[PDB]
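Visitor: just dropping in an experimental structure and the matching sequence.
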Amino acid sequence: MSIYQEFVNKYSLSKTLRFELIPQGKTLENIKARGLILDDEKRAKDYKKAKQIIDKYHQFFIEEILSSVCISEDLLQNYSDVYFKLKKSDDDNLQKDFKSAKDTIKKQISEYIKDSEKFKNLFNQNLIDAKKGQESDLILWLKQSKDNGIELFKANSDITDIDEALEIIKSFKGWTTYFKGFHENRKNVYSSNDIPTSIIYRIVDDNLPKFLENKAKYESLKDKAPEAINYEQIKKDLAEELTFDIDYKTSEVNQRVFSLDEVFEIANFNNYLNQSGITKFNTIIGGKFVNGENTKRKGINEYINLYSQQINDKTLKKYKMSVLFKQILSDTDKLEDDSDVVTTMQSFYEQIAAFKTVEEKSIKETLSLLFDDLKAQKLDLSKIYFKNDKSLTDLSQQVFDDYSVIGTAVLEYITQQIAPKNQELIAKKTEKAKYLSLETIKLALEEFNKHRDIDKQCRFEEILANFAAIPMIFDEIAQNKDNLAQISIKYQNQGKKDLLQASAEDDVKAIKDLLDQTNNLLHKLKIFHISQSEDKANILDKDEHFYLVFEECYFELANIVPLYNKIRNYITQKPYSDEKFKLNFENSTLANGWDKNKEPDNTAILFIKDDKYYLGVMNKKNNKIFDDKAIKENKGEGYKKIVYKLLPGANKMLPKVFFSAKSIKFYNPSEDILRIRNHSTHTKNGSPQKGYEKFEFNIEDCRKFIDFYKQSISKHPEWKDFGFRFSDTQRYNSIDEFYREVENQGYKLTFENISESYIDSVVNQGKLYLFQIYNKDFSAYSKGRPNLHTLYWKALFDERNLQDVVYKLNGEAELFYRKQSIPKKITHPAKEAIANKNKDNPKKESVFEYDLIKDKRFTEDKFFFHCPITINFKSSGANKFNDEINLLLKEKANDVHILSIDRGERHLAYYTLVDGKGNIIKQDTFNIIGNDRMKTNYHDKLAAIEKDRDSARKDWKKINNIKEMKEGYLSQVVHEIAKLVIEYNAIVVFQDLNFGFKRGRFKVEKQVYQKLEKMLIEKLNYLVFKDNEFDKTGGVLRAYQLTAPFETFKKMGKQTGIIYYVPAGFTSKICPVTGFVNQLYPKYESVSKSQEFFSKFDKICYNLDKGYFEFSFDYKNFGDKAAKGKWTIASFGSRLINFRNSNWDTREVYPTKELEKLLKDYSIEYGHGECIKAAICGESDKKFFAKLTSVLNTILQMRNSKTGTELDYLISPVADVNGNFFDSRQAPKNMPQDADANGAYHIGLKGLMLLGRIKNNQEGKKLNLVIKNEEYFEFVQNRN
RNA sequence: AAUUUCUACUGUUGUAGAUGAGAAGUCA
DNA sequence: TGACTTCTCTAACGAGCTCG
DNA sequence: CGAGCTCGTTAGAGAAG
């Protein structure tokens, strides 16, 4: 029987059921008449015009907290010393010191911000509404905008001036419940974490590493060039700009021209860093544009362009000075129309190309001159770095025709340079190091050429020539701008979406190409650019001339990845607008509690006429319909208005009502009890109120202070309806678990009848707006299975729920409304034969008596109802969930038949039920989805869309209509994974995407396979089966909670519940029977160096009766230690070889017939029947050894597509213990069948040894769930 | 080619499966 | 480029307000 | 300014590895 009987109703989560309202009776006629929904646009669309007001005031607060901060020089001298140690000498134990050196400067400001006076009333209610004596801070500044005559609008923003903004900001009087995600996603702007958009993460990582860099290029400038910077001219010329009102070390209030000898001081760090101080610093260092003289009076960086120009020294051009970047939330829009689909692009290629710079070098010539200055080795090669991730692999792709030739040369040269006989430092100098210099690259490429002939060289000059193939890409952009200027005169229309239709295919493919040769252009400069990453915080001895001109042409060119995603998210949408908004019935309280006592203001209540469900929203002004005297007066039959009783919090309510100004006399205790609440002695560790202090808990308190609550609850007027069943008060350890005694039992839901004729008349009177929630299950024309957001709603109100409560209703439901997006167009009229679209369905015809408008749910207005509920409310929460599982299946480990999912070359997954020994019980593909009614082949449905016999092969409309259908496949297949893990009650084991993941070209990408393990963790955390009994396990309330929730992809680790994780390195290229891995990689390193490598083979011999040659090897005679054992690989069957398609598509080559040819071509004899050891090693030729490697580039290839997309079977070199060779044309059911069946059976074998560790668990709860290749390659081979 | 929304649908005024919503700095 | 925060998941009371 | 009147305060567990 299923072992997961225990894993039922375990923890709590809150899904939100959504519905459509039906305006019934005369509900909609009163709404349109009084102007209700038309005056709802002005406070559900218009707050986006108020989110332009709040952030601008949130920008004025930046200007008046950073010009009001004064940080010490003690934490700048503790920064700048470590800031210059790591440049000249980077190490490990100073990174812990550098982080703590910058931790208490990003926290010392983070405690100054949270202790100001404009901050506590800015992320809460009181930002926008005024107190009776305290007028709020938004309305003061907009009046202060008039108090000084400032003209903040009609020059920068959308609103005319502040006078209409004075009207707009008073449209949110009691409406403070809007901004609660707009005021939660701006607590990251003042967050002390490492998130990359703040003002305290930025002034420690974007200007403080740039200002202290720019001080070393000023102390090393006055001694090396005294005459250069004319001090006496910049005092007179820019005297108005240099009026810095405050100094640091003297705290002057002297509005005077500062001295340039002291503005570059480390102590003077606080004279800037608002929006108007970085402007002042970048006025001197970049020049001041004043067009009153028709010339530029350019500052100190013009003096470097005069002093080093005359005497002609390019070492003072190393000492140029940089530009500080502009602060986050400066003064600087998602796309929906087509009037601005072109001028968000044609007004960018005017900005990225047609602009005159400061020093007069156009951006075509900047990458032209600098890469030509790098061409003949002029710049220093030990200061320009490569990004050491697999983006440098792409730099080896375009010119070296190999992926890992650079990453091996910086592993081969560093091997001989430091530890030439391999032991500790050898990894992090070239592998874990985030950057490698060109001097390290050049001394690794003119060393590998010394051990290689003329045919296969690897020249450093080709990398310099590859970068010279960059600066003429800007010339064909200047040719495409002559092509893409005839389209901007064709789209002058405002909102019509004729660039999204399928007729202009010849005008969208002129845009994807132009946004692809400016998106690999940024992916070839990506290997240069410095990263401000974490755990290394990358700082090295950088170049002084390269990385100042490169930042001119990267961070101005980097504004295309937030612009390429503004088009590919515009073309790949659907032709209707899902722009909905919430409607409120002239009330800031729509569904907040649903409670019976608090519903003249919660405004809403539900109904049931014994089959379907309704919503009744009372009109807020005349809401006197159900004030407890018209229910008994109108009792009868019909609707079944609920009384809903809720008690949120046994921390927040039970001291609020039992120690109030009213009910304190009704439950009168002695002063023995009153000393507890004052000093907070009942709490183990909490918070007393003002007046007293915290004391120590004793066991006498919370076995009698709870008894105060038992007499207080049992005499309450409206809190006797719950019927509490509290346990024995001696068995109460704390009040945190007496919370859980009050909170779950403080919830009842029973029914009271109302005569149907009254509340059919009050909707006719116009006081009860009545609505019906429905789906395709709550209509009368259905018989099949419901949805899951309708099988939950029918369990909020069932009687078997309310016995032992599971589905709790929550407050703050939210009513939404959606306008008319697309017009009504009947695409399938009545009595017309329509075409089938399934290649297995017999009934090819389709004639409908009723019409079908194309997706008509976006043609007519829909009132919505988004209703959060709570699942398993009575039970506990989620603490140490995955540790409970491993401590449970230890006595149930011999019931667990491990399921295992992979990616796919030909398939999409190959889920495989591996047994404990390893014999596959039931494997099947994941291309055929469904029960015997209809069957759908998503493999064939991909293969007709996936860039196959389609229009133009490159447009964005394909590559998401693959992906959304591929994502819609992920919505399908998670049910067919869930059915297996209950029928075969085991586990899921995916492939992790942290480290150790598969690399090749698959259908399922890296992107759309982490979502299939994201959409499985949120459909195995709460798992309901639509065809199971209600009160039985696996049903609706007694359902499957087997995993934990989803926090991040990083926090999945090796285990997040029943879904384990294993690596995905070397699982698809292994013989399943014996465990061979091709670790003896042939690459044709040299002619003579291969000769001792063929003697590292034990014997290259032949057998008479066997009839096949063999390359016997053992791994003890060569490095990169992976496994052991005498192999004697064979040359039995045929191996296909892939080729460059386009003709030269596919041809078959036999290994043995090639070995018969290529060995009889020279004088080597074989036919005696013994070893050919010395004969193969004795031969010396260029062509011979460059061709025998192509035999070993074929005898070890274990994937072979038979023709174009037919089938790829599996072959095995290494023998069994009998003599037979594994061949998947005759493989049994307990062995893999296809090529993707071998990439899934080893993901289970590497997952089955997780379960070997877990069944042998001990008292040490430090379960080594990590996999090393020495552990896996030993387990898979000798398991029998 | 119909849906609380999404994907494929004819599975027939809808069938099989998924659905956590308002939110939204945006790393790159 | 697809994920990075962590909450509100609420009833009752003391409050100045037409009214008494 | 008590009639109670629609508001904007306000009461303040112990999990979180």
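Guide: Sure thing, it's come through. Numbers count the residues shown, from 1 in each chain, chains lettered A, B, ... in the order given.

Visitor: could you check which residue of chain A lies nearest DNA strand C?
Guide: Going by Cβ to the nearest atom of the strand, DNA strand C is nearest to residue A:593 of chain A, at 2.0 Å. In short, each C-beta sits where N, CA and C put it, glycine included.

Visitor: could you measure from that residue over to RNA strand B?
Guide: Counting by Cβ to the nearest atom of the strand, to the nearest Å, the gap from residue A:593 to RNA strand B is 15 Å.

Visitor: what sits closest to that residue if chain neighbours are left out?
Guide: residue A:811 (4.2 Å; Cβ to Cβ, 6 or more residues apart in numbering).

Visitor: number of residues surrounding the one you found?
Guide: 17 (other Cβ atoms under 10 Å).

Visitor: that one reaches residue A:591, doesn't it?
Guide: Yes - contact criterion Cβ atoms under 8 Å: residue A:811 and residue A:591 qualify, at 6.3 Å.

Visitor: shared neighbours of the two, anything?
Guide: Jointly contacting residue A:811 and residue A:591 under the rule Cβ atoms under 8 Å, 6 or more residues apart in numbering are residue A:602.

Visitor: for residue A:462, what are its contacts?
Guide: A:399-400 are the contacts of residue A:462 under Cβ under 8 Å, 6+ apart.

Visitor: how about it, secondary structure?
Guide: Put simply, residue A:462 is helix when judged by DSSP: H, G, I helix; E, B strand; the rest coil.

Visitor: from residue A:399, how far out is it?
Guide: 5 Å (Cβ to Cβ, to the nearest Å).

Visitor: which one's the longest helix in chain A?
Guide: Criterion DSSP state H: the longest helix present in chain A is helix A:956-978.

Visitor: name the residues that touch the helix or strand following it?
Guide: Where DSSP states H and E defines the elements, the next helix or strand beyond helix A:956-978 is helix A:980-983. By Cβ under 8 Å, 6+ apart, the residues outside helix A:980-983 that reach it are A:2, A:4, A:899, A:911, A:913, A:987-988, A:1020, A:1025, A:1034, A:1040, A:1058.

Visitor: now do whichever helix or strand comes after helix A:980-983: which elements does it pack against?
Guide: Next along the chain after helix A:980-983, taking DSSP H and E as the criterion, comes strand A:988-991. On a contact count with 3 or more Cβ pairs under 8 Å, 6 or more residues apart in numbering; DSSP states H and E, strand A:988-991 meets strand A:899-900, strand A:1059-1062, helix A:1238-1255.

Visitor: using CSV, write down the CA coordinates of strand A:988-991.
Guide: Only the C-alpha atoms of strand A:988-991 are listed here, as CSV (Å, rounded to 0.1, in the frame of the first residue of the first chain):
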residue,chain,number,x,y,z
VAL,A,988,11.3,12.3,-8.2
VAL,A,989,15.0,12.9,-9.1
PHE,A,990,15.7,15.6,-11.6
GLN,A,991,19.0,17.1,-12.8
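
Visitor: note down every partner strand of it and its orientation.
Guide: If you go by DSSP bridges, strand A:988-991 pairs up with strand A:899-900 (parallel), strand A:1059-1062 (parallel).

Visitor: now for the ones you listed, which one comes closest to RNA strand B?
Guide: strand A:1059-1062 (13.6 Å).

Visitor: so is the closest one next to RNA strand B?
Guide: No - contact of strand A:1059-1062 with RNA strand B (Cβ under 7 Å from any atom of the strand) is absent, the minimum separation being 13.6 Å.

Visitor: helices of the stretch 551-700 of chain A, residue ranges please.
Guide: Counting by DSSP state H, counting those that start in this stretch, the stretch 551-700 of chain A has helices at residues A:561-564, A:568-571, A:654-658, A:671-679.

Visitor: sorry, back to before: can you put the helices and strands packed on strand A:988-991 in TSV and add mean neighbour count?
Guide: Putting those into TSV (neighbours: other Cβ atoms under 10 Å) gives the following:
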stretch	mean neighbour count
strand A:899-900	26
strand A:1059-1062	24
helix A:1238-1255	22
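
Visitor: list the contacts of the residue of chain A closest to DNA strand C.
Guide: By Cβ under 8 Å, 6+ apart, the neighbours of residue A:593 are A:599, A:602, A:646, A:811.

Visitor: selecting buried members of these in ChimeraX, what would you type?
Guide: To isolate the buried ones among the contacts of residue A:593 in ChimeraX, judged by 16 or more other Cβ atoms under 10 Å, type:
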select /A:599,602,646,811
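
Visitor: just the contacts of residue A:593 that are near DNA strand C?
Guide: Among the contacts of residue A:593, DNA strand C is touched by A:602, A:646, A:811 when using Cβ under 7 Å from any atom of the strand.

Visitor: which strand residues bridge the second one?
Guide: Per DSSP bridges, residues listed as beta-bridge partners of residue A:646: residue A:747.

Visitor: show me the helices in the stretch 1-150 of chain A, by range?
Guide: A:27-34, A:51-63, A:74-88, A:95-106, A:110-113, A:137-147.

Visitor: turn those into TSV, columns for distance to residue A:907.
Guide: Formatted as TSV, those follow (distance: least, Cβ to Cβ, whole Å):
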stretch	distance to residue A:907
helix A:27-34	51
helix A:51-63	47
helix A:74-88	49
helix A:95-106	45
helix A:110-113	51
helix A:137-147	58
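
Visitor: closest to residue A:525 out of those?
Guide: Across the helices of the stretch 1-150 of chain A, residue A:525 has its closest neighbour in helix A:74-88 (23.0 Å, Cβ to Cβ).

Visitor: ok, residues contacting the closest one?
Guide: Contacts for helix A:74-88 (Cβ under 8 Å, 6+ apart): A:94-95, A:97-98, A:101-102, A:104-105, A:108, A:208-209, A:212, A:215-216, A:266-267, A:269, A:539-542.

Visitor: cool, and stretch A:36-45?
Guide: Contacts for stretch A:36-45 (Cβ under 8 Å, 6+ apart): A:30-32, A:171-172, A:175, A:581-586, A:817.

Visitor: tell me which two of those sit farthest apart.
Guide: The span of the contacts of stretch A:36-45, defined through Cβ to Cβ, is set by A:30 and A:172 at 25.7 Å.

Visitor: so for these two, which residue has more residues nearby?
Guide: residue A:172 (22 against 18).
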